[PDB]
Every structure is written in C-alpha cells, then in structure tokens.
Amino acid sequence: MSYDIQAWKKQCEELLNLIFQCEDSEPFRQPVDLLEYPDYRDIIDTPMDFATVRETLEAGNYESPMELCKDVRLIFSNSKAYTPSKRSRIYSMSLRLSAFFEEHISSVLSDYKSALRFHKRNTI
C-alpha cells in the first residue's frame, strides 16, 4: 500500500529472508560463538548477527527501519573491524552482502519517511 507506515516490516522481513538464503550471509547468520572465539569481545563492543535482527523484527522490537538498518550496518562494520585484511574471503562476503543490503534498504527508508509524514500530517 502507498503511504503505509507498516510496509517496512514486511519489506525488511523479505530482505532478511533473501539475505539468509544468500551464500554470502553464511558467516553472519548466527551470533559469533564467544566461547569458541574468546577474543571476539576483546575487539567488538556490540556483536550483531542476522538471526538477532530477524528475531528483533519479528518481536516488533524495532521502532523504525532506520533502527534495523543500524543493526545490519553493525554486522558489516563488526566484520570489517574483526577480519585481519581485505584479502579475507569473509570480509569479501561482507562487502557483497553489504552492497546488496544498501541497494534495497534505500527505498524502504524513503517509503517509510513519506509514510510517516502522511501519518503525522494528513487530515483524513
């Protein structure tokens, strides 16, 4: 629907589904095992992963798609910070998936911004 403040929830649910099914998401699907990799929290302040993102959205615990976007971007910035070189195949995966996410999220954010101005201002 045009001017739908709820539309982002379905749009982001679909986008996450397409990310989970993409081979490039494999390293990012689940929280890093902090017991297997006990230096991970030495480097990364705030772990994030696509399963946490998907559960947060399904729970209704994101206020806006900007919040979900900030979490997804944290996945990719965490991977950049943790991986040791741009030669890492894991970093390479994070670049391909990042570029895919950013291509699709822009219209979700734009559509949400317009919907919210309508929600706040309309005299229907």
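Under this definition, the rigid core comprises the largest set of C-alpha atoms superposing within 1.5 Å between the forms. Sequential numbering from 1, following the sequence displayed.
- In 7 other deposited structures of this protein, superposed by the rigid core, the C-alpha atoms of 76-84 lie farther from the shown form than the other of 76-84 and 94-102.
- Superposing on the core and measuring CA offsets in 7 other deposited structures of this protein, the stretch of 50-58 and 32-40 with the greater mean deviation is 32-40.
- As the entry records it, the average C-alpha temperature factor is higher for 37-45, out of 37-45 and 70-78.
- Per-chain ranking of the deposited C-alpha B factor places residue 22 in the highest third.
- When the modelled residues of the chain are ordered by C-alpha B-factor, residue 109 sits in the highest third.
- When all modelled residues of the chain are sorted by CA temperature factor, residue 116 is found within the highest third.
- The deposited CA B-factor of residue 85 belongs to the highest third of values across its chain.
- When all modelled residues of the chain are sorted by CA temperature factor, residue 65 is found within the lowest third.
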